[PDB]
C-alpha cells in the first residue's frame, strides 16, 4: 500500500512531498530509472502553471551508486529464488552504471573514465547509506574474487528520494 508502486518510475513532489508515478502524467520515462534522486519534481496540483515540473539533474557519484544498488536490490528481491542484498563492485554495480548511464546523466563517455576508480571511496565515506564489505565474512564460502561488495543500509526502498528540505 502506502500509495507506492515500487519498481515503477516514481517521482516525489518537492512541494506536497507525496509520491507519483511518472507515466500517469504522460512523462516520457524511456531514459528514467526507478529509485532516482537526481531531479526536482512538482506535480500539476502544486505547480503554479497547472502542469508538471520535472527538472533532471546530472547524477553525482553517490546518486549513481544509490540508484544502482536500489535497482539491483529490487530486481533480486522480486526475481531471485534467493535474494541478495550485497553486490559486487565489479560484477554488479559498475556494469549497471555502464548499462544505464544515459538514464542518469547526459555526459558523454570519451576515452576511459575515472568514475570506476572512485565509487568505492564514495560509498565507504557514507556508511549511514551504504554497507561496505571488503572481504567475505570469516567462515563464508563466498568467492573472494567478487569482493569488495556493497549494499544499502536501509532496505526500505520507499525511503529513497530527492534531497528536498
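Positions refer to the first chain, counted from 1.
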Higher-scoring stretch by recorded Cα B factor average, 110 to 118 or 96 to 104:
110 to 118
Which of the two stretches, 138 to 146 or 8 to 16, shows the higher mean Cα temperature factor in the record?
138 to 146
Of the residues 37, 44, 30, 60, the one carrying the largest Cα B-factor as recorded
30
Considering only modelled residues of the same chain, in which third does the CA B-factor of residue 88 rank: lowest, middle or highest?
highest
So, residue 75's CA B-factor, relative to its chain, sits in which third? The middle
